[PDB]
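Asker: Pasting an experimental structure, sequence included:
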Amino acid sequence: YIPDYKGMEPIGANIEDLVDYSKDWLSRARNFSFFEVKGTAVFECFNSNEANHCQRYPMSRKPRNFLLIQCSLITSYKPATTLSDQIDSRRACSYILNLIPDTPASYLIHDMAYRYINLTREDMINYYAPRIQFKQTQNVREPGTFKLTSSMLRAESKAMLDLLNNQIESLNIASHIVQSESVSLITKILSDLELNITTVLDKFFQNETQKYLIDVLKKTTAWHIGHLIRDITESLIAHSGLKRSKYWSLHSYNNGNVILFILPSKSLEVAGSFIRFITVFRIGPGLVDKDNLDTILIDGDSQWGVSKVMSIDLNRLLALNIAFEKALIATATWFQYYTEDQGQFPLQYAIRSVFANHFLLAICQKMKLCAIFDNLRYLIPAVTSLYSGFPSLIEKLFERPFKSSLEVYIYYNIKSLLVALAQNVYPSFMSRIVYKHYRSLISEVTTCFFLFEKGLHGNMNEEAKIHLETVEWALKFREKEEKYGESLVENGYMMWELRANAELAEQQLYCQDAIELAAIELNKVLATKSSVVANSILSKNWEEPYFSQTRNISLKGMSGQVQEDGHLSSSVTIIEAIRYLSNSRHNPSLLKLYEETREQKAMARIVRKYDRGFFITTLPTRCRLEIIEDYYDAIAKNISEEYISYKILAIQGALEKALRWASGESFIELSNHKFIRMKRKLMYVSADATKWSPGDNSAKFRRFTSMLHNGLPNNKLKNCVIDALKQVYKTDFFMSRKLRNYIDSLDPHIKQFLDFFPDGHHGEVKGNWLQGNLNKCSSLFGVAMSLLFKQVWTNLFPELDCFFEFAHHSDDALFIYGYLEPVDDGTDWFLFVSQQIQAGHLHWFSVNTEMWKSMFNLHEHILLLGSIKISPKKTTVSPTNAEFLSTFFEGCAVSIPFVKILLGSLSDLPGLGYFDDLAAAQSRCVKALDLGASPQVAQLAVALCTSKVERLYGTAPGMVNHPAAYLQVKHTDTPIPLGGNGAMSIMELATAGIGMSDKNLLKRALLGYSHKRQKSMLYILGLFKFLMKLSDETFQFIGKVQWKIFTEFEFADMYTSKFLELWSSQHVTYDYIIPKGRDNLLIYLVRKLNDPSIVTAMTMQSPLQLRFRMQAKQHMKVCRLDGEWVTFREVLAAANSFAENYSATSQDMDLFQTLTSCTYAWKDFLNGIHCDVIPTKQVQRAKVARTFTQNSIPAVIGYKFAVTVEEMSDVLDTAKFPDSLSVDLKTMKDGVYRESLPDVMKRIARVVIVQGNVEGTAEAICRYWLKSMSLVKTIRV
């Protein structure tokens, strides 16, 4: 049912009025929005911005520090163990004691070393024993700590502690001396870091990756420095616990050459806590910043550098712990990109220098460098294009002050690189190589950008920036509304109003005539496809229940109810769905929910920490946005073949028309019949016209929806969409408590931001839909207005044969303007222009020279007739350029660079247990391999991730939790949940999946017991049976050891757990499909809250409650066994005992046989495929996305266990064809019988970026992956 919803009345809009206005507009001189690049222009822009920056910020003489941990290495480094730690600590304390301190930091250092050296044997035994053997003593209260009362502490040392317990300036960038000093320092550091210290996939890896990358980087100083920093950060993390952060600690590494002194600090579990330490090292080559060192104590024929008290937060610590892996993966990505670019391996010096630069970037995680690289990502294309917004970007480069010497060196390198690029083979950024294609340079800068953790973003400065941006645009909207009236701003102005004012053409101010004409131009195309438009609109299923869909019960994040304190509650979508279902009496449809929540105001907030991009909104706002998005996505999919890319063929189709039109030549007629030969040229603009802008007006869409012609017979749905757009007009923006407290704890901008809120917890914002999902609506509007500009231009110059073709993919948009230039370069064209301008065609003044400039000016103005503004910065216009088109097509093709997923895998883990996070790490590297990563790079990433996971859980050989110590089976043949080699290969993981090791093992084990009846095969079967027993004990693959999960929600305990288990057992069908009714959907959603895999996702960013909460237990009692919390060693021993006495049974054999039978012959293909190399140079092709692959599978399974009328009706409703369901079962069971009982059925139960040659078959994808195994040499399968 659709209610009457007023609707809108059509107005009389004539294209001739717009054409006349365009004539009047073009009759005068207009300025261009972009500046020509010349090299000199970029250099003067840099100089002027340098002078302005020097004037703006106060000048400082002493640069700040940038090395969080300073250390030096002369010899090779071996990982630190307990006995090595003992010997190192003793030697280091002796070395410190023989010295003479100078400053309070040195006095504290000497005092702590002297206190450590005088500990008794009992304390030393307890200082290094694990928790099991640990005993509290007088001087040692926690495993790796000791106390320090005031008595041993000196007066000065205490001074440091009291100073610890108890304006903005920048460097002189314009000065040549500061730049020279910073460049010299960073060059010294980098040169020290580069100094040397003194299956078939395996074959290809050892031939290429292990030889030219890992063998080269194995001997460098940066490799061992990264390992040393990993050890130091591991020791710091071990000290960040709740019970250990209160006391001091001392550690040593590298034969007594590096020492770490940990001071008392607030535990990192509570947010905003900094672990404080002092690092003391013998001064030598490496991460040494002598100026920023606290002291340099003198020793005979030696120097000992003592750093200042370094405070490192949580995310910085976690980033430093994985800095070496991030640097290695970035270097591997650069290695792959170099091989792609040039076809030859990088030499020694190039690889060493790029690895040193990546390591230095990964060590120093600073906001300034992250912003600098983010800006450079767009600065590079803007400098290679004929015209662009480069000054706006160069001005953005100086937003923040330059504090450390690292920022000055990076800025100097960027300035040199940009000036070299604009003068124009493209120079590199951290080496002496010139790339053949600048896409390699863009990828290099992108890899550098992704080396910075996505936790740096946010802070309290970024949230303030986005808040002030929103408030500034809201205040601008209020000013415009009071200046022109409420009605004119909301409903838009008319053509004659704009003609009279000649100013209303601005942002947050649209023209009704423009909207109507754009809708008419869209309807021109839309009329021929009315039937399919109506079918697609009706196919959105507006009648199905709202909360039974997956998008409405996800973890997206929505605003809750307003509280008594007046602040909006951030919460989860599923929680709000549960709340509504509990308060409601049914499960309403989309339109019914909109009817119920039409009167409620739209409230909005900002996500706490997950943050500028997510304006979380309440349920009614989401419902209205979903109505509008469903309608506009339904009507917009039909013209996706030509204008709205979702796709590549549309962009290819537009370019083909442009090139063909340019190939043909044109003649213009004359009154004297003297045809004039015109040369056709093309100009390409890469504009981000359709991004969401804070300054905008949603109300325009109303009129658009009023005139957009669908095939529906009634106007009920159109009026409903218009009413939803009307209700999403006004919103109640809410202050975040963090920002409120930060501001409460004087600036005029802050003052005016405060007056924007009457009550200090909320203020009204109008016309800004606050980043809500209206992407399809915005893209459709942009396409319609581009078509309107095309029509206006064709009406403006009928005699001229100009060309305009546009494509809109996501936020980016490509405009191609085909213009006419004189061939003879004579005055005949200007003579004709003069004749036309004298004949009354005054608008021909702007066509005299540079027709494409006037074309773009008119296009930008026509877009401005709405709220669309082509961003001055970030738009780049170039002639017909193969590289430009190639990078545009690549950015349209490679949606996400694989290096983002690669670095992300080491940065975050689920922490649900060894198997779970190992699977997640292996899955992320597989997804990156899908995204375009070379198999060798993905194999390297897999190795690094698996090694990190093994280090975390002590599974690697020669560690406490090694399965081979007790399980009497080889580490390779051990099941994955108990520690299992868990390495395999990237090909096996990508093709088969992320669990094949267990089945292959089980399968062979079954065979090993079926034919030879060997004892070890029976042992493996016993281990598998033990895992199945543990899984049976655990409540909702073969079997998983349960690991402790640390917690918490409003409705998470609405029903008892035993009732949930009983309901899940009784209503089996709801496990496979979602229950439509409210009384059962409520219980299903409550069950979804208690799922362990979801709680870890809601709190995955919790400050330590997840990040180090379980990186602390590691070797404690965290596993579940026999209803007890026990150590992993105890679980391994229990598994060994169970498997030793396990006796084979017929039922277990049947279960194992069924599981093996259930688990495409992907492994068999990889064994049977043959690959032989050919001596032929590799060729790089365009990147293209492919897919790797009657009733739905769950519906038939859901139908199988249907026992009541409600369940059977629900499985009808969710199924596409509810009639065929029985037939499916009727055959499916027979198939099972040829391969029934409930339990057997219960246990029975990808976009890939490739080259253009690859087909859409999964075998073709696997063959391509096999071909891409060699970075230089081609392969034949």
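Answerer: Received it, and whenever you're ready, just let me know what you need. Numbers count the residues shown, from 1 in each chain.

Asker: Can you name the element that comes right after the helix or strand hosting residue 231?
Answerer: Element membership of residue 231, judged by DSSP states H and E, is helix 221-239. Where DSSP H and E defines the elements, the next helix or strand beyond helix 221-239 is strand 249-253.

Asker: how many neighbours does residue 32 have?
Answerer: 14 (other C-beta atoms under 10 Å). All C-beta spots, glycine's among them, are computed from the backbone N, C-alpha and C.

Asker: If we ignore the residues flanking it in sequence, what's nearest it?
Answerer: Nearest non-adjacent residue to residue 32, counting by C-beta to C-beta, 6 or more residues apart in numbering: residue 853, 5.8 Å away.

Asker: mind checking which helix or strand that neighbour is in?
Answerer: Counting by DSSP H and E, residue 853 is part of helix 851-864.

Asker: do the same with residue 873
Answerer: Residue 873 belongs to no helix or strand, assigned by DSSP H and E.

Asker: How about residue 1211?
Answerer: Assigned by DSSP H and E, residue 1211 falls in helix 1205-1214.

Asker: Show me what that helix is packed up against.
Answerer: For helix 1205-1214, the packing partners by 3 or more C-beta pairs under 8 Å, 6 or more residues apart in numbering; DSSP states H and E come out as helix 1069-1072, helix 1193-1200.

Asker: what does the helix or strand just after that helix rub up against?
Answerer: The helix or strand immediately downstream of helix 1205-1214 is helix 1220-1234, counting by DSSP H and E. Residues from elsewhere that reach helix 1220-1234, judged by C-beta atoms under 8 Å, 6 or more residues apart in numbering: 1190-1191, 1195-1196, 1199-1200, 1211-1212, 1215, 1236, 1240-1241, 1244.

Asker: Can I get helix 1220-1234 in PDB, CA atoms only?
Answerer: Written as PDB, here are the backbone C-alpha positions of helix 1220-1234 (Å, rounded to 0.1, in the frame of the first residue of the first chain):
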ATOM      1  CA  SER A1220      10.000 -25.300  -6.800                       C
ATOM      2  CA  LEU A1221      11.400 -25.800  -3.300                       C
ATOM      3  CA  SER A1222       9.900 -29.300  -2.800                       C
ATOM      4  CA  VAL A1223      11.100 -30.400  -6.200                       C
ATOM      5  CA  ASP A1224      14.600 -29.300  -5.200                       C
ATOM      6  CA  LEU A1225      14.400 -31.400  -2.100                       C
ATOM      7  CA  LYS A1226      12.900 -34.300  -4.100                       C
ATOM      8  CA  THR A1227      16.100 -34.500  -6.100                       C
ATOM      9  CA  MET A1228      18.600 -33.200  -3.600                       C
ATOM     10  CA  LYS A1229      18.000 -36.000  -1.100                       C
ATOM     11  CA  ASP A1230      18.400 -38.600  -3.900                       C
ATOM     12  CA  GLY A1231      21.700 -36.900  -4.700                       C
ATOM     13  CA  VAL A1232      22.700 -37.300  -1.100                       C
ATOM     14  CA  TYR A1233      21.700 -40.900  -1.200                       C
ATOM     15  CA  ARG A1234      23.800 -41.400  -4.300                       C
END
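
Asker: can you start the count at 7 instead of 1 from here on
Answerer: Sure, I'll start numbering at 7, so the last one becomes helix 1226-1240.

Asker: the inter-axis angle of that helix versus helix 1199-1206?
Answerer: Counting by axes from the mean of the first three to the mean of the last three C-alpha atoms, to 10 degrees, helix 1226-1240 points 90 degrees away from the direction of helix 1199-1206.

Asker: List the contacts of whichever helix or strand comes after helix 1226-1240.
Answerer: Next helix or strand after helix 1226-1240 toward the C-terminus (DSSP H and E): helix 1244-1250. Residues outside helix 1244-1250 that contact it (C-beta under 8 Å, 6+ apart) are 1074, 1160, 1161, 1164, 1203, 1206, 1207, 1238.

Asker: try 10 Å this time
Answerer: 1034, 1043-1044, 1074, 1077-1078, 1156-1157, 1160-1161, 1163-1165, 1203, 1206-1207, 1234-1235, 1238, 1241-1242 (C-beta atoms under 10 Å, 6 or more residues apart in numbering).

Asker: Residue 549: how many residues sit nearby?
Answerer: 11.

Asker: number of nearby residues for the nearest residue to it once chain neighbours are set aside?
Answerer: Once flanking residues are discounted, residue 549 sits nearest to residue 595: 5.5 Å by C-beta to C-beta, 6+ apart. Other residues lying near residue 595 total 18 when counted by other C-beta under 10 Å.

Asker: so what's residue 595 bridging to?
Answerer: In this entry, residue 595 is beta-bridged to residue 551, by DSSP bridges.

Asker: Let me see the contact set for residue 451.
Answerer: With C-beta under 10 Å, 6+ apart, residue 451 has these contacts: 379, 380, 381, 382, 383, 384, 385, 386, 420, 423, 435.

Asker: can we see that at 6 Å?
Answerer: Going by C-beta atoms under 6 Å, 6 or more residues apart in numbering, residue 451 touches 382, 383.

Asker: In three-state terms, label it for me.
Answerer: helix (DSSP: H, G, I helix; E, B strand; the rest coil).

Asker: if we can go back for a sec, on contacts alone, who are the packing partners of the helix holding residue 237?
Answerer: strand 255-259, helix 354-369 (3 or more C-beta pairs under 6 Å, 6 or more residues apart in numbering; DSSP states H and E).

Asker: How about the first one, which residues are buried there?
Answerer: The reference is to strand 255-259. 255, 256, 257, 258, 259 (16 or more other C-beta atoms under 10 Å).

Asker: Closest one to residue 488 out of those residues, please.
Answerer: Within those, proximity to residue 488 (C-beta to C-beta) peaks at residue 255, which comes in at 63.0 Å.

Asker: and the gap between the closest one and residue 122?
Answerer: Distance, residue 255 to residue 122, using C-beta to C-beta, to the nearest Å: 9 Å.

Asker: give me every residue that touches the most centrally placed residue in the chain.
Answerer: The centroid of the chain falls nearest to residue 906 when counting by C-alpha atoms, centre = their mean (6.8 Å). Listed by C-beta under 6 Å, 6+ apart, the contact set of residue 906 reads residue 456.

Asker: Same question for residue 1044.
Answerer: Counting by C-beta under 6 Å, 6+ apart, residue 1044 has contacts 1004, 1033.

Asker: part of a strand, is it?
Answerer: No - assessed with three-state DSSP, residue 1044 is coil; it does not lie in a strand.

Asker: and residue 893, how far is that from residue 452?
Answerer: Residue 893 is 12 Å from residue 452, by C-beta to C-beta.

Asker: Could you tell me how far the spatially closest residue to residue 412 that is not a sequence neighbour is located from residue 373?
Answerer: Among residues not flanking residue 412 along the chain, residue 72 sits closest, at 4.3 Å (C-beta to C-beta, 6+ apart). Distance, residue 72 to residue 373, using C-beta to C-beta: 12 Å.

Asker: Show me what the helix of greatest length in the chain is packed against.
Answerer: Counting residues, the longest helix in the chain under DSSP state H turns out to be helix 467-490. Packing contacts for helix 467-490, counted by 3+ C-beta pairs under 6 Å, 6+ apart, involve no helix or strand.

Asker: For that helix, C-alpha coordinates in PDB please.
Answerer: Extracted C-alpha coordinates of helix 467-490, given in PDB (Å, rounded to 0.1, in the frame of the first residue of the first chain):
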ATOM      1  CA  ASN A 467      42.000  17.400  15.700                       C
ATOM      2  CA  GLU A 468      40.400  15.500  12.700                       C
ATOM      3  CA  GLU A 469      37.000  15.200  14.600                       C
ATOM      4  CA  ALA A 470      37.100  18.900  15.300                       C
ATOM      5  CA  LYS A 471      38.000  19.700  11.700                       C
ATOM      6  CA  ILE A 472      35.000  17.800  10.400                       C
ATOM      7  CA  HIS A 473      32.700  19.300  13.100                       C
ATOM      8  CA  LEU A 474      33.700  22.800  12.200                       C
ATOM      9  CA  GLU A 475      33.400  22.100   8.500                       C
ATOM     10  CA  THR A 476      29.800  20.900   9.000                       C
ATOM     11  CA  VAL A 477      28.900  23.800  11.200                       C
ATOM     12  CA  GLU A 478      30.500  26.300   8.800                       C
ATOM     13  CA  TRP A 479      28.400  24.900   5.900                       C
ATOM     14  CA  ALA A 480      25.300  24.900   8.000                       C
ATOM     15  CA  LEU A 481      25.900  28.600   9.000                       C
ATOM     16  CA  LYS A 482      26.400  29.400   5.300                       C
ATOM     17  CA  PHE A 483      23.100  27.800   4.500                       C
ATOM     18  CA  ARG A 484      21.400  29.800   7.300                       C
ATOM     19  CA  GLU A 485      22.900  33.000   5.900                       C
ATOM     20  CA  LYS A 486      21.700  32.300   2.400                       C
ATOM     21  CA  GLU A 487      18.300  31.300   3.700                       C
ATOM     22  CA  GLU A 488      18.000  34.600   5.600                       C
ATOM     23  CA  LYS A 489      19.300  36.500   2.600                       C
ATOM     24  CA  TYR A 490      16.900  35.100   0.000                       C
END
